[PDB]
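Spelled out, the chains give:
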Amino acid sequence: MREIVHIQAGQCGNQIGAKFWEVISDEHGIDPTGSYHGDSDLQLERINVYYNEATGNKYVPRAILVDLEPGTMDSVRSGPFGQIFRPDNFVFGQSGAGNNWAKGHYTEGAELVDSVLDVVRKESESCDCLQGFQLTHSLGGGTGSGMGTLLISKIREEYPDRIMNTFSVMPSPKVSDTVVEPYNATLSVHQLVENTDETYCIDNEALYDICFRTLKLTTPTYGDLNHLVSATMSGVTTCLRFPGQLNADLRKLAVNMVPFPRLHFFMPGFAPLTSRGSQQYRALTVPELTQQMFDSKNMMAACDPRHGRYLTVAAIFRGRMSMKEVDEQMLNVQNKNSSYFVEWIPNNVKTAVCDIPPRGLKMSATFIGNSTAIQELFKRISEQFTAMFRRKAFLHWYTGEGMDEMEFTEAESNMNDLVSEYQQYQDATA
Amino acid sequence: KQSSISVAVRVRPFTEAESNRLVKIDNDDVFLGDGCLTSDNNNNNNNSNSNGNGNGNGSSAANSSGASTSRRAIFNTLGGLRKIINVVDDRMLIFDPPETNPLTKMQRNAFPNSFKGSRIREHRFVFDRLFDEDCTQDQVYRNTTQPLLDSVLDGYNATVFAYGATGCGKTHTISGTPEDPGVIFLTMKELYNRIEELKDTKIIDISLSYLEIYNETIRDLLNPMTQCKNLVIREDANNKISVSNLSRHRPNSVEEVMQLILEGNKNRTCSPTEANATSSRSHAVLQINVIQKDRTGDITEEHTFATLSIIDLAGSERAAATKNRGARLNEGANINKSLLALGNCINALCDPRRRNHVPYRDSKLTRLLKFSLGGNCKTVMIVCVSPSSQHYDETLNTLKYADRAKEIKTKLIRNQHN
Amino acid sequence: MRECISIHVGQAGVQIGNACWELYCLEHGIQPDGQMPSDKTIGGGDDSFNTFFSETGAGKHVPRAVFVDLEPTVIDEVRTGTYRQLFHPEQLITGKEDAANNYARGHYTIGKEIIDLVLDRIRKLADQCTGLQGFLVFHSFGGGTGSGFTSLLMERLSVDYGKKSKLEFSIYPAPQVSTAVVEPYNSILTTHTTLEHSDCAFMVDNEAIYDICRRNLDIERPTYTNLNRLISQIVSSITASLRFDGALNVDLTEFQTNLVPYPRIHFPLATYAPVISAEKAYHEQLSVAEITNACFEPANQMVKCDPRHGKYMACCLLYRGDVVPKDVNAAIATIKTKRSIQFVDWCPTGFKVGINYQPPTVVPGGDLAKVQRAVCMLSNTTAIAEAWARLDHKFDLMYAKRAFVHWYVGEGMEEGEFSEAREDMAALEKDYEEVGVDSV
Ligand SMILES: CC[C@H](C)[C@@H]([C@@H](CC(=O)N1CCC[C@H]1[C@H](OC)[C@@H](C)C(=O)N[C@@H](Cc1ccccc1)c1nccs1)OC)N(C)C(=O)[C@@H](NC(=O)[C@H](C(C)C)N(C)C)C(C)C
Ligand SMILES: Nc1nc2c(ncn2[C@@H]2O[C@H](COP(=O)(O)OP(=O)(O)OP(=O)(O)O)[C@@H](O)[C@H]2O)c(=O)[nH]1
Ligand SMILES: Nc1ncnc2c1ncn2[C@@H]1O[C@H](COP(=O)(O)OP(=O)(O)NP(=O)(O)O)[C@@H](O)[C@H]1O
Ligand SMILES: Nc1nc2c(ncn2[C@@H]2O[C@H](COP(=O)(O)OP(=O)(O)O)[C@@H](O)[C@H]2O)c(=O)[nH]1
Ligand SMILES: [Mg+2]
C-alpha cells in the first residue's frame, strides 16, 4: 500500500496520460464508469498503487490534469476514458502561454502553481504513504516544460524524502519544426538533472524513424505515435502495480539503476512492434525476442547502443511462459558479446517475469536499459544550440521577460560536462 | 612558474572532561608502568589503586582489556590515550605509535594472534608543517598565511579552507570567539597596517563577501531577508562563477568591518542542546577582494587585482549519538553528501589519468571550490584532527585525506597587465 | 529450563521461519489449531519439547517468536496463511516504508521508529522464560531490513540483557537469484557490525542450495518454496538437539565450545546427505558407513569451497533417526584412513559425535523422501576464507569508481564507514590465512 499521485502537464502529456490510463484500466479490468470486471484476482492485489478507493465500489483514478489552454479539457472530458476523473482533478487557466518558456515559468506559472500544489497537498492528505510523484511532460512547448519543471522544483522542496519520476518526450526537428525548441530543451533539461533522479528519455526522432521504416505508415499521425509511448511506459511500470520479486517501489528502481545522481538517463525499448487496431503478428519465441531486444532497431532513442556500452539492463517479460526458457540464451548473450557490457560493475543483467499479458498481444517484453551511448542524444542538441547561440539570435523573446544571458551559457556548459562525464566511462575499465 | 598546494595540521588540546580521564589513567602507565616497567621483583603489575581511587578495595569491578592494564571499572568507556597522535617534531609525525603498551611487545614473533594490526600500520606521514597541542593563534598565523598575504598584495590569489570532523575546533581555528580571535581578524589587522605602511605610494581598496551553503542552498549572512530561491549559481562564457544578488558590502574602518562580521556570524544556525554550542551546522565562504592603484602617475603602472578566500566546512557527523534522527540526520546528511563530493573531486584530480574529467559539477560546495583547487590561486589547508583514542577512525580518515591532495599542480601567472 | 527465543528479521527470515515452524509444529504432533494429543494426559510442565512452545489456560501451545519485517506484505501473508491461530496476534505489523534495498535506510532512518516496540515484545516473551538460554536470529547479508535491522536489534538486546548466547543464521547471496547489485555493500557493512557481537554465524549459501536442489533433486528452475524447504531441513537438523532428552543427546550449546577458537573465526560450514527425490528413493537403503563418507564429498557442501586443498580445524557429526553405536566407531575409523582429510597442526582432537533417536519428518506434499538415517556436519576450515575473498574482489571493482555510494551516504552515514568495514574484512581474511601456518 505505497501510493503514487500522477500529475500530468501539457497537451502532449495530457494525451499520453489519457492513453496510458485507459491502457491500465483495460489491463486491470476497470472500464469507464468505475467498476471492476476481469478474468483473475491478481488484479486487486496492488490496485492502491495507482488507483484509489471511492464510495460505491468506484475506483476513481488519482491524477491531476494541468492544462492552461481549456481546449484539452474539452478534448479529454468526452474522450475515450476521461469521463470518471473527479471534478476537482483539473487545474487550468484562461491562456495558452505559447511557446515562450519564460511566460509559463515565471509570470503565468506563479498564478496557478499555488493551486496545483494545494491539490497535491490534498491528495497527499488522504493516503498513508507516498513513494514519489510521477510526471508526464515534454521538453517542448512553454506550458509543459515550464509548469512541470516548476512543480518539480517546488515539490522537491516540499517532500525531499522522495524519488521523482518524469516521463520526458524529447522533441526532434522531424516531428516539429519550431526553431525555438533547442533553446527550450537545452534550458529545461538541466532543471531536471538536479531535482529528479529517475527520468526516461523517450525520443521523437527514434519514434518517427521506427514508425516510418519498420511500420510502413507514410503519414504518421499523433494517434499512432502515442501507441508506442503509452505501451512502452506501461511496460516500464508493470512492476509497481502487480506483485513481483523485482523492484516494487521507485527507490528500488533508482538504487538498481542510478550509479551516480547525475547519470540517470535511460533508453527504454520494446521487443514487439504494434500499430493501432486489432492487427496481430505471429507467435514469438523467447530466443528471437531476446535477440531482437538488443539490436538498435527497436530502441526509442536515436543513439546506437552498438557504439558504446551498457551499465544496467533490467528487463521485464510479460505473459505466460516457462521460467527456464528465459535464463538459457540470456547468459549466452552475456557471454558471446565480448565487451559491450561494462566490467567494473558486477552482475549487470537482471530479469523478472510477470503473468498477465498486454492487451491482445499475449507475449511481449520491456527493458529500462541505462547506457553510456546516450551521449549521442545530447551531443546532437549541442550542435542545434551552438549554431544559434554563436550568432545569439532569437534571444529577445526570452531576454525580454526576466531571464538573463548567463543562464543559457550555464545550460550549454552543463550539457558539455554531462556529455564528457558519460564519455569518460566509455574507456574507464576496471 | 609551477606551484604546489601545501598542508598544515592542528591537534586539539584536550578538553577538561576528557582531560580528567587522561590524568586518571595515562600518566602512571607512561611514566612508571608501560613506559619503563620494573625488575623481576614488582609485586603488583598494574592493579595498584594509588591513581586516585581507580579501583575498589577488593575484586576488580569490571573486565580488563588485558593483563589488568585498563577497563578497571564500569563507566561509559575506557577513553584513554591508547591510540593517539605523536607530534615529535615539525616535519614528520607517526600515527599508531608502536610499542605503546607491553601487550604489543608480547604480540611479536609470538602466535600470529592479534598480529599485523600495528605492524601493517607502520606508516610515516611527511607533511610540510606540523603544530603542537600548545600553540596559540599567533603561532599558527606566523607560518600558515603570512607568506600567503605577502603574495596576495603582489597580485596572486589565495585560498585557505578548514577540514576535519566535529569537535576539532574548525570554527575556533578560523572564525574565532568573542574573546579569542580567529585567523580572519589577524589577517584584517595586518592588511590595515600594510595599507597604512604602503599609503602615499599605492592606494589599495578592499571588498567583502560572505555566503553559506546550508541545505545545499545559498544564503548571504551580511543581508538576511533574501530568500534562498532567488539565489542560484550561474556562469559566464569565460569560466566565472559569479553568484547573483550578492550584497558585496565595502568597509572603511576596522571597527565597522569587525562589527559587521560579528553581526553576520550571529545568524548561522547551530546546535543548542549539548555543551558543544559552537557546533557549526553549515559551510561558510568569506572572500576579500583587494584592488591596487599606482600613484607614480608615469610609466610602470602595476594595476593589479587579487582575492583571498577563507572557507569553514561543517564536519562530517557519523551515527555516534546524534539522537532525534531525521532532523539532525538530514542536516548531517546534506553536509555528508557535500563532503563526499569534495573527497571524490580530490581523488579524481590527484590521479594522472582521470584528469580529463575532474568532476566539479556536483553538489554546491564542489562547484564553489572550482577556482580554489585547480585554478590559479595558491592554497594552504588547515586540518583539525582530534588526538583522543575515542575519535580514532575520524583521525585516520581525515589524515588519509590530508595525505591526499598533497600533489596538485596549478600554474600561476598573476593578474598583471599593462 | 533452557527456553530459547527465535527472531526472524526480513522477508527471507520470515519465509524460513514459517517453513521451520510448520516443520516443528508437525514433528511434535502439534496440530496447526494449537492442541495436541499427548497433553491430554501430561497437560504441561518442563518436558524436553516444551523448551520452544509454551502452555496456556486452554492448552494452545503458542510459538516463542516475533516476526520482524518492515514490509507488511509477507507478514500479512503469514497472518492470512494457514497458521492463523498458532501465532498469537502480536506480529509486528509495520504500516510504514521499508529499507528498500539499503542498509543505511534500515539502520538509521526508519529502524529507530519501531525498535522500542520490538524490544517491548521481545521482553514480554523473555520474561516468561525462567531459564532463558539464548537467541536464534534469522537474517540475510544482502537484503534490506535483514542486513540492518538485525545489526541494530542485536546490539540493543545485547546491551539490555547482558551476555546471553546469540546465534544467527545467514543467507549469503548468489548472482543467480540476486535482486540487486548493492548486495556486496550491505554484506560487508553488516559483517563489520556483526562480527564483534555474534557468537556463531552459519553460512547457508544460496548458490549451493540452488545447485544441490538442481542436481540431487531433479527440478530445473526451483522456485523459492523448494529452497525454503531444503534450508528448513538443515535448520531442523541443527535445532533438534534441544527439544529432546534422549541418551547420547549432546546439547546444542556444548557444540559451541568445540567450534569457535577465537571470537572472530566462528564461520563454520554445514553439510547434509540424506537428500534424495521422492519418486527415486526406492530400490535402495543407505548405511551409516556410506552416509558419513558421503558428507565429506565436496559436492554436498553449503558454501562453495574446496576443503581438500586447505586444512580442517575441527569436526562435529550429528546423526538422526536410528543408528546403533556399534557402527559409528567403525565408520569413523574407516574415514580416518582417508589421506585427503588433514587436521590443523595443533588440534588432532578428532570428530565429536552426537545421536538423537527420532526419525526426520517432511511436510505432506513435499519432495524429499523420508530417509531415516540423516546426518549433519559442522566443521570450520581455512577454505571458507575463499568465500570472503570473492566478496572482497567485488569490493575492489565497485569502489575504485565510487559507484552507488551516494545512496548510503545520503541517509546519514559518512564515507569513512566503507573503508573501515573493508579493512575489517581484510583483517578477517588475513587471520584465517595465518591460523593455517605451521607450528614450527
Ligand atoms: C511528422 C511531423 C508531424 C507528425 C506532422 C503531423 C502532426 C499530426 O499528425 N497532428 C498534430 C495535431 C493534430 C495531429 C493529427 O494531425 C494530422 C490530428 C489529426 C490528430 O489526430 N491529433 C490528435 C491525435 C489523436 C488521434 C486519434 C484520436 C485522438 C487523438 C492529438 N491530440 C492532441 C495532441 S495530438 O501532421 C501529419 N506535423 C506536425 C506537421 O507539421 C506536417 N509535417 C511537416 O511540417 C514536415 C515535418 C514536420 C515532418 N515539414 C518538414 C514539411 C504534417 C502536416 C505533414
Ligand atoms: N535462500 C533464500 N534466500 C532468500 C529467500 N528469500 C529472499 N532471499 C534473499 O533475500 C535477498 C533479497 O533481500 P532480502 O533479504 O529479502 O531483504 P528484504 O527481507 O526483502 O527487506 P528489503 O530488502 O528492505 O525489502 C535476495 O538476494 C535473496 O538471496 C529465500 O526464501 N531463500
Ligand atoms: N585549539 C583550541 N584551543 C582551545 N579550545 C579549542 C581548540 N580547539 C577546539 N577548542 C574547543 O573545542 C570546542 C569545540 O569547538 P568547535 O568550534 O565546536 O569545533 P567545530 O568543528 O568548529 N564545531 P562543528 O561545526 O560541530 O565541527 C570549543 O569549546 C572550543 O573552544
Ligand atoms: N511524441 C509526441 N510528442 C508530442 C505530441 N504532441 C506534442 N508533442 C511535442 O510537444 C511539443 C508541443 O508542446 P505543447 O505541449 O503542445 O505546448 P503547449 O501548446 O503550450 O501546451 C512539440 O514540439 C512536439 O514535439 C505527441 O502526441 N507525441
Ligand atoms: Mg524486504
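Residues numbered from 1 in each chain as written, not as in the entry; some residues may be left out. Chains lettered and ligands numbered in written order. Heavy atoms only, no water.

- The deposited coordinates derive from cryo-EM, with the record listing a resolution of 3.9 Å.

## Regarding the overall build of chain B
Point 1. Per the secondary structure count, chain B includes 11 helices and 10 strands.
Point 2. Projected onto the principal axes, the alpha-carbon positions of chain B cover approximately 85 × 45 × 45 Å.
Point 3. Burial analysis of chain B (418 residues in total) assigns 45% to the buried set.
Point 4. Within chain B, counting contacts between residues at least 6 apart in sequence, those at least 24 apart form 71% of the total. (Helix = DSSP H or I, 4+ residues; strand = E, 2+ residues; numbered from the N terminus. Buried < 20%, exposed > 50% of the residue type's maximum accessible area, 1.4 Å probe, protein only. Contact = heavy atoms within 4.5 Å.)

## Re the coordination of the magnesium ion (ligand 5)
Point 1. The magnesium ion (ligand 5) binds to the protein through C:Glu71 (OE) and C:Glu71 (OE); the donor distances cover 2.0 to 2.1 Å.
Point 2. Relative to the assigned elements, C:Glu71 resides in the loop between β2 (65-68) and α3 (72-79). (Donors = N, O, S within 2.8 Å, 3.2 Å for Na, K, Ca; no water.)

## Observations concerning unusual backbone geometry
Point 1. Look at A:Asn347: it is not a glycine, yet its phi comes out positive at around 60 degrees.
Point 2. Here A:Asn347 is to be found in the loop between α11 (323-336) and β11 (365-367).
Point 3. Overall, A:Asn347 belongs to the partly exposed group, its relative accessible area being 28%.
Point 4. Positive phi outside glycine occurs at C:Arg402, with the angle close to 60 degrees.
Point 5. Among the structural elements, C:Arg402 can be located in the loop between α13 (385-397) and α14 (405-409).

## Focus on the interface of chain B and chain A
Point 1. Contacts between the two partners involve 13 residues from chain B, matched on the other side by 12 residues from chain A.
Point 2. Summing both sides of the interface, chain B and chain A together bury roughly 1,200 Å²; the carbon and sulfur share of this comes to 48%.
Point 3. When the buried area of chain B at its contact with chain A is split by residue, B:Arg234, B:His357 and B:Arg361 rank highest and sum to 46% of it.
Point 4. Scanning the region where chain B abuts chain A turns up two salt bridges.
Point 5. Between A:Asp417 and B:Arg361 there is a salt bridge; the shortest N-O distance is 2.7 Å.
Point 6. Counting the contacts that link chain B with chain A gives four residue pairs in polar contact.
Point 7. Considered class by class, the residues forming the side of chain B that touches chain A number three nonpolar, three polar and seven charged. (Buried area = accessible area lost by both parts, 1.4 Å probe. Salt bridge = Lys/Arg side-chain N within 4 Å of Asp/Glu carboxyl O. Polar contact = N/O pair within 3.5 Å; in protein donor to acceptor, adjacent residues only side chain to side chain. Nonpolar A, V, L, I, M, F, W, Y, C, P; charged D, E, K, R; others polar.)

## Focus: the pattern of salt bridges
Point 1. Taken as a whole and assessed by the stated rule, the structure comprises 50 salt bridges over all chains.
Point 2. Across the pair C:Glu411 and C:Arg105 runs a salt bridge whose closest N-O atoms are separated by 3.5 Å. Of this pair, C:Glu411 sits in the loop between α14 and α15 (416-435) while C:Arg105 is found in helix α4 (residues 103-109), placing the two residues 306 residues apart along the sequence. Taken as a pair, C:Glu411 and C:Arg105 share a single burial class, namely buried.
Point 3. Each of A:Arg2, A:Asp249, A:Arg251, A:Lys252, C:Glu97, C:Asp98, C:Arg105 and C:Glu411 takes part in salt bridges that share partners, so that together they form one network.

## Some details on the site of ligand 2
All names here are of chain C.
Point 1. In the neighbourhood of ligand 2, 20 residues make up the surrounding shell, with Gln11, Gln15, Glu71, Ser140 and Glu183 lying closest.
Point 2. Here an oxygen atom of ligand 2 sits 2.7 Å away from a polar atom, N or O, in the side chain of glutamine 15.
Point 3. In isolation ligand 2 offers 630 Å² of accessible surface; the protein chains occlude 93% of this area.
Point 4. Among the elements of the structure, α1 (11-27) and α9 (224-239) are those that each provide at least two residues to the shell around ligand 2.
Point 5. Split by residue class, the shell around ligand 2 holds six nonpolar, 11 polar and three charged. (Near = heavy atom within 4 Å. Areas by Shrake-Rupley, 256 points an atom, 1.4 Å probe, with all protein chains shown as cover.)

## Some remarks on the sheet that holds strand β7 (residues 284-294) of chain B
Sheet strands pair via backbone hydrogen bonds, and the direction of the pair is either parallel or antiparallel.
Residue and element names in this part refer to chain B.
Point 1. Pairing in this open sheet of five strands is mixed, and the strands run β6-β7-β8-β5-β9 from one edge to the other. The sheet terminates laterally at β6 (202-212) and β9 (378-381), the two strands that pair on one side only. Here the strands of the sheet are splayed against their neighbours by 15 degrees on average, with no regard to which way each runs.
Point 2. As paired strands, β6 and β7 are joined by 11 bridges and run antiparallel to one another. Within β7, the position partnered with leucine 208 by the bridge is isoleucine 288. (Pairing = 2+ DSSP bridges. Axes fitted to C-alpha atoms, helices over the stretch in contact; angles between N-to-C directions.)

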